[PDB]
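1. This one is an experimental structure. Sequence first:
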There are 2 protein chains.
Amino acid sequence: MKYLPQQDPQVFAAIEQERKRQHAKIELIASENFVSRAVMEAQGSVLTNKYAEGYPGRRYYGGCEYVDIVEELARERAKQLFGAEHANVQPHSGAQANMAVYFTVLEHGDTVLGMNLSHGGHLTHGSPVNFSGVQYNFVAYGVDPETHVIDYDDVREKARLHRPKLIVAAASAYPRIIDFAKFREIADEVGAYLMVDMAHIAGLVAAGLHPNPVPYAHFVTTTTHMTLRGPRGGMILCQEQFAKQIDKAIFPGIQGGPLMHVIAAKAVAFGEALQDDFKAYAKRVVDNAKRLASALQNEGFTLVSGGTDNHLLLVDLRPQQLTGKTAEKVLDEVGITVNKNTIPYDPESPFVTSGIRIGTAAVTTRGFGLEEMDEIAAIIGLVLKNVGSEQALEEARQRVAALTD
Amino acid sequence: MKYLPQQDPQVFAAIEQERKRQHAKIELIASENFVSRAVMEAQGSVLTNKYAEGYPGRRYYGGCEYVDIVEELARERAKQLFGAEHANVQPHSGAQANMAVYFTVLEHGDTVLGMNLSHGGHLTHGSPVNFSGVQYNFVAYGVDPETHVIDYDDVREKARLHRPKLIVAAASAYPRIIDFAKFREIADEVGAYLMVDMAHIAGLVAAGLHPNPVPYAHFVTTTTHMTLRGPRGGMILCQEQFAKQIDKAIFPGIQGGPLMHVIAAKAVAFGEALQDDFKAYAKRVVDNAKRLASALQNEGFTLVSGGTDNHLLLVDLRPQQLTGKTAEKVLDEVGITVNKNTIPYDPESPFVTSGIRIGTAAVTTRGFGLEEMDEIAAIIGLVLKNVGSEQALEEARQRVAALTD
Ligand SMILES: Cc1ncc(COP(=O)(O)O)c(CN[C@@H](CO)C(=O)O)c1O
Ligand SMILES: Cc1ncc(COP(=O)(O)O)c(CN[C@@H](CO)C(=O)O)c1O
């Protein structure tokens, strides 16, 4: 940076901090990643500078000829990535992407069927403190109590019982492949629309490592920042038939001027995802997650669903008599970042939990491989199995620092 | 840029374009401005990298110690700037800032009283194609047919008649000072809350050139990008009493993870606004707008409300028998960017209009002064008074290029 350090030492110090922290810690928060310098340069550009309400070639302001090129690049690279008929790259976030689909297809009070929030469903899928649960009538389907795999029979009974206008599939804490074909078949049974929120698995979908929801869903929403490793923001994919309504839901519907600099970073991240090495990267993400899961079970940990099909895993800490809140704090003491996360049928409340959610997308980006996964699992074992030992904690800290350089 | 040009020539070319366009054109869109390099460097940082749902010291993720410093800097610089009891610097946009206040104070279907959309009220103030007008019952107050000044008697009658739960003051196309004390007095008369959307005038408010709404309103919303010259995003200011509810409206209410890199650019823009030269700059903005208004009237143009008290002006083109759509296109032909904009009591529809909206915040940022204002008005006169003359247009183009270097 050149001008920031001189103009704002305080903000620059905190940023420099955050940068060093990102390097020093072992980042295991499943929704995180590290973007590339080109993505950051696109967001730090003068595109931040333009009002561009409307869409390419149909703007409400003159002078949009060049930001229209950037948006169309993003839209077209998305279409290439996911095969969707239409993309809207304006959502300011995953939340806004979900909110626009709900604005489009639902009337206030309508019934929506989503994944149980304590089984993997996201906040934007019906939490009662969230707009989604406040505006609409959300009902949930759950995972099997023993396999922790979505119970498709439960999805179907719930759809048939409650007759939702919309069915939402996908999650923020579900370690197994989701069967989009089954959800769509149930939606058609009850005449509901199908929305897939692939935020967590978008990069895996882009790399062919997770079934693509695009051909099954009427709408697909996602963040551009998790496994897709783009800037922080959202995107909606949908069939051509809903194209105009989704675009109008985004604007003049729920947003105003779009973030064109972010939309330029989206196009840049999409370009990266279209390359072969992003595919090699995603592959390592999943390989790494499997490796880490295996290694954690080798250490004596129980995993929700017994393992993972994607970038993430959930540790059930009941066997070690730990709450997720406790494990998260002790791991934070040695430089390992995870999230507490409720486990299906959790006896503890959401603010305490019986599990920790872990993902490998960030460490994979930084170059960690299977041997690092083994080490990280051994570190987690030493810590979580010896919570009151300061020597275990010190040893773990030294082993964390050996990993992060 | 270093990595963008190599990794993504297509996106880099379009960005480089947009940068050159910004320099070559005479940017008169009233909501635009140019941010500083330090603001851009903060948005192009690794802060983009962190999940930070929740607020400083009350996050839902570990590792937020340094992004909490950046957020608290933004919040505290905002509080210093505007004198508000609480700031929420997470709104992703002016739209999201307004949406969170509406989520907080209103139940679906509630009555809200806002400024007539064709008299200066914004889209997020009740447009029927907007979430605001779809979710709630919006009623409007207008400006006087001859002075084009908000009719406070009309505001009061409308409040007393419709008994709104909320009253919204401010606008995207109102060239005169708004009387926040009168709005609050009316709100108290009918027991309504008072929301001031100062997006357009925030920088003028920050510089003491526009009465501050903070002491009169229960809630104040704004974009961080217009006269405030920050990155593109929103902010909500409010009394301490609504602090928790507004924060919860933002999260877990209507958004998800905040844009911490943008929040760092907000703090940087707030730091700039706190300096003396930002005050000198705002002063020039208003001086320039007055100058330009005067000069336009010298050329024979009628201005809505007969002039301006702020950064913006509205030309009523009926005297020249032009629609705003036509004037916007002919000005675009010579390198001058404006917006068509309905004028109060406009005979034309919103897609055609009888006026052009103009502001001086961008050209002032670039250094234009009173002599440039005189020249720009002379250029606009030559063009709009000789629409079918190609020689007038060519002459204007040369005079535009003399201004932009
Ligand atoms: C499946 C899923 N969908 C939407 C979002 C919201 O995205 P924002 O950009 O944050 O609005 C999420 C977010 N997930 C976060 C926690 O909410 C995470 O760490 O998983 C999501 O998971
Ligand atoms: C008064 C006012 N309030 C909110 C907004 C919305 O902000 P976003 O960041 O764009 O969501 C605006 C926006 N004004 C734009 C046109 O909508 C402008 O050019 O005035 C606003 O004016």
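-> Thanks, I have it. Numbering: from 1, shown residues only, chains lettered A, B, ... in the order given. Ligands and ions are numbered 1, 2, ... in the order given.

2. of all of the stretch 301-405 of chain A, which residue lies closest to ligand 1?
-> Closest contact between the stretch 301-405 of chain A and ligand 1, by CB to the nearest ligand atom, is at residue A:339 (6.8 Å). No exception for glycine: its C-beta is placed from N, CA and C like everyone else's.

3. Mind telling me which residue of chain A is nearest chain B?
-> Nearest to chain B, among the residues of chain A, is residue A:44, at 1.6 Å (CB to the nearest CB).

4. if I pick the closest residue to that residue other than its chain neighbours, what's in contact with it?
-> Distances taken as CB to CB, 6 or more residues apart in numbering or on different chains put residue B:44 closest to residue A:44, at 1.6 Å, once the chain neighbours are dropped. Contacts here follow CB atoms under 8 Å, 6 or more residues apart in numbering or on different chains; on that basis residue B:44 touches A:40, A:41, A:42, A:43, A:44, A:45, B:261.

5. Return the residues in contact with residue A:128.
-> Neighbouring residues of residue A:128 by CB under 8 Å, 6+ apart: residue A:134.

6. Show me what from chain A comes close to ligand 1.
-> A:31, A:93-95, A:98, A:122-124, A:170-172, A:197, A:199-200, A:223, A:234 (CB under 6 Å from any ligand atom).

7. Could you report the neighbour count for the residue of the stretch 101-250 of chain A found nearest ligand 2?
-> Here the stretch 101-250 of chain A gets closest to ligand 2 at one residue, residue A:250, 11.3 Å apart by CB to the nearest ligand atom. Using other CB atoms under 10 Å in any protein chain shown, residue A:250 has 26 neighbouring residues.

8. burial of the residue of chain A found nearest ligand 1, as a residue count?
-> Ranking the residues of chain A by distance to ligand 1 (CB to the nearest ligand atom) places residue A:94 first, at 2.2 Å. Number of residues near residue A:94 (other CB under 10 Å) recorded here: 31.

9. What of residue A:212?
-> Residue A:212 has 22 neighbouring residues, counting by other CB under 10 Å.

10. go on, the one 3 residues further on?
-> Neighbours of residue A:215 under the rule other CB under 10 Å: 14.

11. ok, now which ones touch the residue of the stretch 101-250 of chain A closest to ligand 2?
-> Counting by CB under 8 Å, 6+ apart, residue A:250 touches A:88, A:90, A:91, A:96, A:100, A:236.

12. cool, residue A:324 as well?
-> Contact analysis of residue A:324 by CB under 8 Å, 6+ apart lists A:317, A:339, A:340, A:341, A:342, A:348, A:352, A:353, A:354, A:355, A:356.

13. Isn't the first one up against residue A:327?
-> Yes. Using CB atoms under 8 Å, residue A:317 is in contact with residue A:327, at 5.7 Å.

14. list the residues that contact both of these two?
-> The overlap between the contact sets of residue A:317 and residue A:327 (CB under 8 Å, 6+ apart) consists of A:356, A:384.

15. which residue packs closest to the spatially most central residue of chain A, ignoring adjacent ones?
-> Closest residue to the average C-alpha location of chain A: residue A:200 at 2.9 Å, with CA atoms, centre = their mean. Of all residues not flanking residue A:200 in the chain, residue A:226 sits nearest, at 5.4 Å (CB to CB, 6+ apart).
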